[PDB]
Structures are given as C-alpha cells and as structure tokens.
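2 protein chains.
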Amino acid sequence: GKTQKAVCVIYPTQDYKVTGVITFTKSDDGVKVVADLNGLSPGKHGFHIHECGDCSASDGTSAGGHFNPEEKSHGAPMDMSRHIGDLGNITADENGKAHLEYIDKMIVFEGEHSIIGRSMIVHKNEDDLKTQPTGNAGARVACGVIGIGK
Amino acid sequence: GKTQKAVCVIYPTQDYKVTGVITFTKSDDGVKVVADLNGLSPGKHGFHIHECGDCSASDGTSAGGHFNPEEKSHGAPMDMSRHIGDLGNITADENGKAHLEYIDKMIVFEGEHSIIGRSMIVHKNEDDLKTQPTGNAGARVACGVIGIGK
Ligand SMILES: [Zn+2]
Ligand SMILES: [Zn+2]
Ligand SMILES: [Zn+2]
Ligand SMILES: [Zn+2]
Ligand SMILES: [Zn+2]
Ligand SMILES: [Zn+2]
Ligand SMILES: [Zn+2]
Ligand SMILES: [Zn+2]
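Protein sequence lines correspond, in order, to chains BBB and AAA.
Note that PDB author numbering has the first sequence beginning at 4, numbered continuously upward.
Note that PDB author numbering has the second sequence beginning at 4, numbered continuously upward.
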C-alpha cells in the first residue's frame, strides 16, 4: 500500500565519523522526523534532504544541491519560501550525540515531492536559514539515502 | 525529468567488511546493472533487491524479504519465474574484489515495480536460484539503499 515510513542510515564522508539513523513516519499533521546521530562536533549542523540519492563521492558532493522540486529559495522549515529539503539544523551535545524530533508539513513519500530515493546530508556548520543557496552550512560530514520502511 | 540512473552504496552488516557501489542505468535493451564491491570472501554471493530500504539492523534483517511486487517465485535473473529483486550472484576474486555487469529487463525506476528506495543485500553464500523463497544464500553481509542518480 502507501508508504507510511521512510528510513535513512547516514554514513560519514572522508575525514568524519558522523553516523546515525533518521526515520520519517506519517502523522495526523504531516511527517514526524526523528534523528539520532553521533560523532558530530558540538553545536548546530545543517540537516537537509539533497536532490540525488548518490552517496558515492568521498565528500558527499554526488548528493547534489538541496531537494527543490518547487524551485524555491533556501529557508527554515517554518518558512513558506524553503526547499522541500530544508529541515533546518540538528544540535549535537558535548559528547557529539544529536537527537531531533519535529513534524514537517511539506515532506511526502509519493508523487513529484517524494523524498524516497533522495539523500540526507548533515553539514559541518550551522544552516543560517537565510544565505542562498545552502544557508552557508559548508562541508558534508555524512550522507545517506532515504529508503522505504515498514 | 524521468529517473535514468539509480545508485546504491553498500555498507557492511556488523560482522563483515563488504563495501562497494552499484549503479543502474537505463539502456535501449533494459537496465544496465554495474556492481563494484570489495571485502567479500572469494566465490559466489547472492545479490538481491530486498523490499525495505532499511539498513538500520545489525544483521541487515530490517531490509525484509525479496522485492517481489508481482508475488512470484524466487529464481535466476534470466527466469520468467523470478522476483523483481532476483539479480542472481556476484563473484568475488581471490582478493575479495567483485565486479558484475548485466542487462536486467524487469527492473524500472517508476511505478509499482520501481527499485528506488528499496535495498541491495549481498549474502554470505551463493543464491542456488531454485530454493524457495530466497535461494538459501544465508546471512546478509552488506546492505544499501537504492537512490536517484543525476
Ligand atoms: Zn539516541
Ligand atoms: Zn544541505
Ligand atoms: Zn535549502
Ligand atoms: Zn514538480
Ligand atoms: Zn536476499
Ligand atoms: Zn528472490
Ligand atoms: Zn564489466
Ligand atoms: Zn503492484
């Protein structure tokens, strides 16, 4: 039937140790994003869906730009002017552990906007939610492909 | 634009070291499957698309069973009686390097049979191409999710 769940295991790019799992679950109000990552420098990291489910490059550049089927500007999750892939920042604690849970009202699992087969990228720096086209989040520290869950 | 290419980076399950990249490219005659893997025990390894793009489990069991949207029997790539996910065996050389190239006439990138967001599983043992429902290929040595390529 209709995909209710997506799963993304992220793997570090060259010179990083960032790992973890992101799950996407259909909720009444949209899609519940739950991320559990480790090996991050403490503080805020850009947390995005990129347009290619291609994590073959050593530095994650194969994932391409932000997933942007609506051809909009880069912004914050709460902005109307955002990429579908703009999931904001994930915060790592003093031990490099990062937990995020929020409800996204734009991401879907079917049709032109479907995130299935796209990539998750975690960035080295904070997404400032304003600078075009990526929020100045800098290098890619981890990459994974979003798959169909059950 | 219609997806012309899919990419799958495989990562080992916990007790293994198997890595590599699999590409799927639309050709005139079907889909060209190209696999380049390393860290395999020499000999033949079951090489399958599984139904869930979920590589979160320690042992790859999260990937579920064979991708089988037609509800058919397990077989060889050349068989009419096969799962969409039945891509046969990949052979590793004496150094653990494995190359496979063949044209698959069943796998597609859109609709009910789409392999996008499904998993690749590499098995410890040979797929015997006959035993139901999995070809008796034994443990899962590597898992990856099939993503959209540029
Ligand atoms: Zn946790
Ligand atoms: Zn990004
Ligand atoms: Zn963006
Ligand atoms: Zn569109
Ligand atoms: Zn299998
Ligand atoms: Zn099968
Ligand atoms: Zn070849
Ligand atoms: Zn069907």
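The beta-carbon is built from N, C-alpha and C at its ideal position, and this holds for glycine as well.
Check: Which two residues bound the contiguous beta strand (DSSP E) that contains AAA/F112?
Finding: Run containing AAA/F112: none; DSSP gives neither H nor E here.
Notebook entry, point to check: Expressed to the nearest angstrom, what Euclidean distance is found between the alpha-carbon atoms of BBB/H126 and AAA/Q135?
Noted result: 44 Å
Next item on the list: Name the two residues that bound the continuous beta strand (DSSP E) containing BBB/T28.
Entry: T22 to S30
Next item on the list: Could you tell me how far apart the beta carbons of BBB/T26 and BBB/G150 are, in whole angstroms, since I believe they sit closer than 8 Å?
Entry: That belief does not hold up - the Cβ atoms of BBB/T26 and BBB/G150 are roughly 11 Å apart, past 8 Å.
Margin query: Once DSSP output is grouped into helix, strand and coil, what is the label at AAA/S117?
Written below: strand
Checklist line | Beta bridge counterpart(s) of AAA/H48 as assigned by DSSP | finding: AAA/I93
Check: Expressed to the nearest angstrom, what Euclidean distance is found between the alpha-carbon atoms of AAA/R121 and AAA/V36?
Finding: 15 Å
Note to self: I'd like to check one pair, AAA/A9 with AAA/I93: are the Cβ atoms closer than 8 Å?
What the structure shows: no
Margin query: I need the straight-line Cα distance from AAA/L43 to AAA/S61, nearest angstrom please.
Written below: 18 Å
Next item on the list: Could you spell out where the beta strand (DSSP E) holding AAA/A142 opens and where it closes?
Entry: First-last for AAA/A142: undefined, no H or E at that position.
Notebook entry, point to check: Which of the three DSSP states, helix, strand or coil, is assigned to BBB/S65?
Noted result: helix
Item checked: Around ligand 6, Cβ to any heavy atom closer than 5 Å, ordered along the chain -> AAA/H69, AAA/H77, AAA/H86 and AAA/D89
Next item on the list: Compare the C-beta of BBB/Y19 against all C-beta atoms of chain AAA and say whether one is closer than 8 Å.
Entry: no
Notebook entry, point to check: Okay, do the segment 44 to 51 of chain BBB and the segment 89 to 104 of chain BBB touch, 3+ Cβ pairs below 8 Å being the bar?
Noted result: yes
Next item on the list: Would you kindly report the start and end of the unbroken beta strand (DSSP E) that includes AAA/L103?
Entry: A101 to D107
Checklist line | Reduced DSSP secondary structure (H/G/I, E/B, other) of residue 3 of chain BBB | finding: Nothing can be reported for residue 3 of chain BBB, as the shown portion of chain BBB is limited to 4 through 153.
Item checked: Rounded straight-line distance, which links the Cα of AAA/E129 to that of BBB/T16 -> 31 Å
Note to self: Between AAA/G120 and chain BBB, is any beta-carbon pair separated by less than 8 Å?
What the structure shows: yes
Checklist line | BBB/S76, buried or exposed, once every other Cβ within 10 Å from all chains shown has been counted against 16 | finding: exposed
Check: Who's in the neighbourhood of ligand 1, going by beta-carbon under 7 Å from any heavy atom, listed in chain order?
Finding: BBB/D39, BBB/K100 and BBB/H102
Next item on the list: With a threshold of 7 Å, establish whether the CB of AAA/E115 neighbours any heavy atom of ligand 8.
Entry: yes
Note to self: Only counting the same chain, and skipping five residues up and downstream in sequence, which positions put a Cβ closer than 7 Å to that of BBB/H86?
What the structure shows: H69, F70, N71, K75 and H77
Next item on the list: Using the beta-carbon of each residue, find all residues closer than 5 Å to any heavy atom of ligand 5 and list them in chain order.
Entry: AAA/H51 and AAA/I124
Notebook entry, point to check: Given AAA/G67, which residues of its chain have a CB within under 6 Å of its CB, disregarding the five upstream and five downstream residues?
Noted result: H53, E54 and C55
Checklist line | N- and C-terminal bounds of the beta strand (DSSP E) containing BBB/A79 | finding: Neither: BBB/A79 is in no beta strand (DSSP E) and is coded neither H nor E.
Margin query: How far does the beta strand (DSSP E) with BBB/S122 in it extend, from its first residue to its last?
Written below: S122 to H126
Note to self: Whole angstroms are fine: how far does the CA of AAA/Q7 sit from the CA of residue 1 of chain AAA?
What the structure shows: Missing from the structure shown is residue 1 of chain AAA; chain AAA here goes from 4 to 153 and no further.
Check: In chain BBB, what lies closer than 9 Å to AAA/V10 by C-beta?
Finding: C55, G56, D57, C58, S59, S65 and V148
Check: Quick one: is BBB/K153 near chain AAA, going by C-beta distance under 8 Å?
Finding: yes
Check: Hey, is BBB/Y105's beta-carbon within less than 8 Å of any beta-carbon in chain AAA?
Finding: no
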